[PDB]
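Worksheet: the structure to be examined is printed underneath.
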Amino acid sequence: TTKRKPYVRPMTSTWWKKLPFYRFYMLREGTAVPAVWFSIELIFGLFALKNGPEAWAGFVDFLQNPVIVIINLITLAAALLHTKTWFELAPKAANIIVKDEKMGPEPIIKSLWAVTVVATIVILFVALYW
Amino acid sequence: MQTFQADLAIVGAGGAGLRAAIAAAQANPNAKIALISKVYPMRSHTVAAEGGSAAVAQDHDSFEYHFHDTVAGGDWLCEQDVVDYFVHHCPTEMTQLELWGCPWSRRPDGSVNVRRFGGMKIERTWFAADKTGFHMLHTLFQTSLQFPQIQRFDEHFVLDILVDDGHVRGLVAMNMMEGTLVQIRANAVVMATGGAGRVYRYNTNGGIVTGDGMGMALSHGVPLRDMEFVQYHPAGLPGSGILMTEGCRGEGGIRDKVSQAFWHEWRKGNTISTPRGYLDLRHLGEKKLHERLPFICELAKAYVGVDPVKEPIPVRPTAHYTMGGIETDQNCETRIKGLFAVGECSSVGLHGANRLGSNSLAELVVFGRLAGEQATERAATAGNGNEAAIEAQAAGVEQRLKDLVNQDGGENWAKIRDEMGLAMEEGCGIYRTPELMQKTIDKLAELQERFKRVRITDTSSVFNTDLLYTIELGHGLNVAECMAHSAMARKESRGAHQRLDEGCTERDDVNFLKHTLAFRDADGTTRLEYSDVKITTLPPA
Amino acid sequence: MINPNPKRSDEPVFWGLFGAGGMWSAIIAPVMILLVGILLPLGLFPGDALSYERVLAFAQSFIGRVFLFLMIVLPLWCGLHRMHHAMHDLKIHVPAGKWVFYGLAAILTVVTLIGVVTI
Amino acid sequence: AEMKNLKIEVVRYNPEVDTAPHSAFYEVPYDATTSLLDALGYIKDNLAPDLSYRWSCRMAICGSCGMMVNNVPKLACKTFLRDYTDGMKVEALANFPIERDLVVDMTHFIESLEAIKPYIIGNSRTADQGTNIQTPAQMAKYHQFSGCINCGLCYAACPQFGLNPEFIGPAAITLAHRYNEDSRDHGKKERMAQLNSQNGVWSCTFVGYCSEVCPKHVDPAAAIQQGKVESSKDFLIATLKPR
Ligand SMILES: Cc1cc2nc3c(=O)[nH]c(=O)nc-3n(C[C@H](O)[C@H](O)[C@H](O)COP(=O)(O)OP(=O)(O)OC[C@H]3O[C@@H](n4cnc5c(N)ncnc54)[C@H](O)[C@@H]3O)c2cc1C
Ligand code: SF4
Ligand code: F3S
Ligand code: FES
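Chains as they are written, first to last, in the working numbering: chain H, 1 to 130; chain V, 131 to 671; chain A, 672 to 790; chain Z, 791 to 1033.
Have a look at this one:
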């Protein structure tokens, strides 16, 4: 019979708490929590807006609660980490050759940010100038 | 003693080996081929080559051109009919490789581009960036995978070859992990185990280039041709002996002239003490250093705290290529029916007294193919053998091994190893003297002796490397002695082999235009004989 | 060893949505959080830009309903998706999490639709 | 001159004696040129001849160096003690079944490289015809994926793999994607079945760590990702073939 006895180290559900690289990862894929909470509020407002005029004032006064304010400030910082990481990984799904060379993510990346920038000004422009 | 059956067996999975396996496969589709290697095939030394492989390709070139560049370089000690054969087949192998996916660097045209390497008048060096070795081996290895006939024995260290009545019948090897003895039956074995560059205290070869095979043939009355020739490479880093390529100089990059100059500077006080043995490339610049030497820069920054673009790399010549090997006929076959040696471990009579840059790899794919080919033939022509003799033989192995294990004495094998390398660096160096040469033979025999008082303190079975390095050392000594003796005897100066003593400082085509054969007898003494070189169209002068 | 004829996965579908969701919430989410989550509640805006009257006026416009929908829905599928793999990552057992997570998503899709399809 | 001395720790394990791995400590001399594979050599030679480990190139091209350093997958030959003066722990490659000391069972690894048929397929062109025509541009399409030395380190890095040993693995996929991308190949279909498994490209959550650790800069994460778009593409057509 064989004299081999392979020692298999177990992998724990906390494997990611070790190395910081894993930690930065969890925040990214963990950036989803807030991303929903906001999408939930949206729905509350969509419905709240339609429900009633007086139900609206209550709505705003709601988000007017110190707690709800903070949570969103958070949800926003999260919405940027996400936007930040997402823009860095995206380029990698593409294989583009420019004159015998596979161009990097620096050309795609920098240009995604631009669009993003252009958007905000618009959304903000249309949103507050009329 | 578990028994495995196969048609033909091959020890070693480098470029030459795998090429040998694949053709056998292509040669006989119903074949059961056993491929063995003490390391998974991708870690074979071939993976280290950076220059490129040669093959006539440009329109203004010719075979007679290649041919001439080869004999010329081998200082006329080349078996000219073998060179012919070799040359006309490089192109065909080099195309099969591309055809198998090998990313040969290309032309803007879409065709395969060639470079100038090894100081050949006309370039014919095919290349894949400066990772040619890597790419050839992997393409080879990966190509092989598609063949069911090829049965692999990864990390199986070969102890010995079964031979009876002048004919090979198989081999013993150790399942490295399980630690057992496997006994393989075949009517032809091909042997490509790679060079003996690890023998020197200073080399470029991987830790597996111990030249076991070479030693494995010696025990069986086979000679090792032109072992006195060692090709030293110009740039070698301390301890690691990590190479610094040649193409650097064609481009303003900054020979027994400098070699010699620093070497005899050691006796008058004219050498400039450094930590190891200045390569200044500062002026080089990014584009050329990272396109041709991305490897050269990372091993320098790594092992010496020196960035090839910011500081000079401390170096001194180290051993690189072992030309001599098992004596072989034009079909890569040895004096033992069914026993072929292909690759660097052999001596097809291709390189003579000095291998031409980029011809090694070519050889691999070129003779590798033939090596497998002729094996398959002699394979179905072998006929049966006296089973009792074969089986009685395998026992001599399991026994000799036991005897080896039980051996005691307190000698640290690792210390011996050092001393031997240390002796080689001094007596079989760029410049050999009857004086220093003698000293090394003596040292060498002395160690052979001590090898008998070595104790292997490790008795475990799962992947026991303490035991293997020892067995490897075993072969190291043996071969190392042919080199020495061979060298001492060649009282002349040829290609690789340069002496400084009166009446030997120059090439003598009158008395030494012959081959060197070292035989190791049961008595333990190395005997030398001499053979003659086959001339065809290019006589010496 | 390794299955010679593996089970073709359906992941591409969810990765498809997830992919688009993540790209939209990357570009548009920030500003949305911005106006709605901070500017509006603190009244930091000109006259009646973010007041019920004009808001509704936008909400009922075609480009408005469409936008709201994606704005809400889209992120959902990108987010809820991750949250689902969050389990595995954390070696967390969730009974039919596939359904729970995805299901939840399919639910608010329709709900959100209802929200905007009505007015 | 004189030289420093560094205390180094190694997770030994003998399947014939030990029941589970246990740490060991050796005193090793070193300098700015001293590497870990060189540090390992030292010990076996003077402190414990039973220390086993895989190596050979001594130059980060062989890919047999795979091992753990402070919970980081690295190549001993390309690892230097000058950087670990504050402690150095070396264990057998992460996410693999230790067989003995630092030598690990590479069977699944190889299994993977084999299961994806890593070879040119269906190209009738033969030796005589001459070489296939491939421009640098076509060659850049897959050049990068090709620098793989089968070192083992990406597996030791991807958590998805550690959780799921049924995962063919990054490098595996990479290798495949290489050949898919090579204009000279026409065997993409022969590889898709594995690539589209739950253990294919879809076991990846794109943590982007394997690309962060490859010692040859292959950027597998990219390959895998690019591979997703491929399989994600395949899946589509498939939903469309009532043929
Ligand atoms: C750093 C470096 C760069 C080089 N660059 C070039 C170049 O640019 N161009 C050129 O033409 N040449 C070059 N060469 C020379 C050439 O690469 C080699 O001569 C050639 O690769 C040797 O290949 P091989 O097939 O004979 O076997 P190797 O690649 O050395 O393989 C030998 C095989 O045998 C196995 N083996 C050994 N002992 C045993 C045992 N006892 N049991 C089981 N298996 C065993 C090994 O595991 C291995 O698989 C270079 C050499 C070095 C060291
Ligand atoms: S993917 Fe890269 S780092 Fe991983 S084994 Fe392959 S070559 Fe090494
Ligand atoms: S980090 Fe791991 S998750 Fe996939 S993208 Fe690389 S193998
Ligand atoms: S031991 Fe050669 S690749 Fe590290």
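Even for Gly, the Cβ is constructed at its ideal location relative to N, Cα and C.
Residue nearest to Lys-467(V) within the set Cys-475(V), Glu-474(V) and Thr-458(V) is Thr-458(V) (criterion: CA-CA distance). About 4 Å separates the beta carbons of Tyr-820(Z) and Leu-871(Z), which is inside the 8 Å limit, making them a contact pair.
Look at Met-754(A): its C-beta is under 7 Å from a C-beta on chain H.
Put simply, the CB of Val-788(A) is far from chain H, with every gap to its CB atoms at 7 Å or more. Between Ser-111(H) and chain A, the shortest Cβ-Cβ separation is not below 7 Å. Beta-carbon to beta-carbon, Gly-369(V) and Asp-828(Z) are separated by about 7 Å, close enough to satisfy the 8 Å threshold. For a Cβ distance threshold of 8 Å, residue set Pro-805 and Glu-806 of chain Z lies close to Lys-3(H), ordered along the chain. Per DSSP, reduced to three states, the secondary structure at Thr-120(H) is helical. Note on the stretch 380 to 441 of chain V: whole alpha helix (DSSP H) runs with a minimum of 4 residues are 386 to 393, 416 to 422 and 424 to 434, in chain order. For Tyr-129(H), the three-state secondary structure derived from DSSP is helix.
Not one heavy atom of ligand 1 sits closer than 6 Å to the Cβ of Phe-277(V).
Distance from the CA atom of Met-929(Z) to the CA atom of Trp-256(V), rounded to whole angstroms, is 16 Å. Non-local beta-carbon contacts of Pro-91(H) in its own chain, meaning distances under 7 Å to residues more than five positions away in sequence, involve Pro-105, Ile-108 and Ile-109 in chain order. Excluding its 5 nearest sequence neighbours in each direction, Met-250(V) has C-beta neighbours in its own chain below 6 Å: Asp-199, listed in chain order. With contacts defined by Cβ atoms closer than 7 Å, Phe-642(V) and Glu-611(V) do not form a contacting pair.
By DSSP's assignment, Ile-443(V) forms no beta bridge with any residue. Boundaries of the beta strand (DSSP E) around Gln-313(V): 310 to 315. For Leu-292(V), the uninterrupted beta strand (DSSP E) run begins and ends at 286 to 293, by DSSP.
Runs of the beta strand (DSSP E) lying entirely within the stretch 86 to 112 of chain H, each at least 3 residues long, are absent. Close to chain H, meaning a Cβ-Cβ distance shorter than 8 Å, are the following residues of the stretch 303 to 317 of chain V: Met-307, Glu-308 and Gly-309. With the rule of 3 Cβ pairs closer than 8 Å, the stretch 517 to 526 of chain V does not count as touching the stretch 167 to 180 of chain V.
Nearest to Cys-475(V) by C-alpha distance, out of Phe-134(V), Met-131(V), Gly-147(V) and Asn-160(V), is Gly-147(V). Considering only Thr-595(V), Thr-589(V) and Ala-614(V), the residue with the shortest C-alpha distance to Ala-575(V) is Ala-614(V). Secondary structure at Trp-56(H): helix, using DSSP grouped into helix, strand and coil. Of the candidates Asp-214(V), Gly-351(V), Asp-631(V) and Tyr-330(V), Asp-631(V) places its Cα closest to the Cα of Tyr-561(V).
Counting only Cβ-Cβ distances below 8 Å, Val-592(V) has contacts in chain H at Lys-3 and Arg-4, in chain order. Selection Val-201(V), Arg-422(V), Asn-542(V) and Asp-548(V) evaluated against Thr-587(V) yields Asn-542(V) as nearest (Cα-Cα). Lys-879(Z) sits away from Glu-817(Z), with the two beta carbons spaced by 7 Å or more. By the neighbour-count definition (other C-beta atoms within 10 Å, threshold 16), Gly-774(A) is an exposed residue. Where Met-344(V) is concerned, the enclosing alpha helix (DSSP H) starts and stops at 342 to 348. Scanning its chain for C-beta atoms nearer than 8 Å, with the 5 sequence neighbours on each side dropped, one finds around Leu-552(V) the residues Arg-331, in chain order.
Taking every protein chain shown into account, the CB of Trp-130(H) has fewer than 16 other CB atoms within 10 angstroms, so this residue is exposed. Residues of the stretch 674 to 696 of chain A with a C-beta atom less than 9 Å from some C-beta of chain Z are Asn-674, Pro-675, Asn-676, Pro-677, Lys-678, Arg-679, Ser-680, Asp-681, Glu-682, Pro-683, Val-684, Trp-686, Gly-687 and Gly-690, listed in chain order. Against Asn-989(Z), the close residues of chain A are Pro-677, in the order they occur along the chain (beta-carbon pairs closer than 7 Å). Per DSSP, reduced to three states, the secondary structure at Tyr-832(Z) is helical. Comparing alpha carbon positions, the residue from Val-535(V), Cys-232(V) and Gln-504(V) closest to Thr-273(V) is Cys-232(V).
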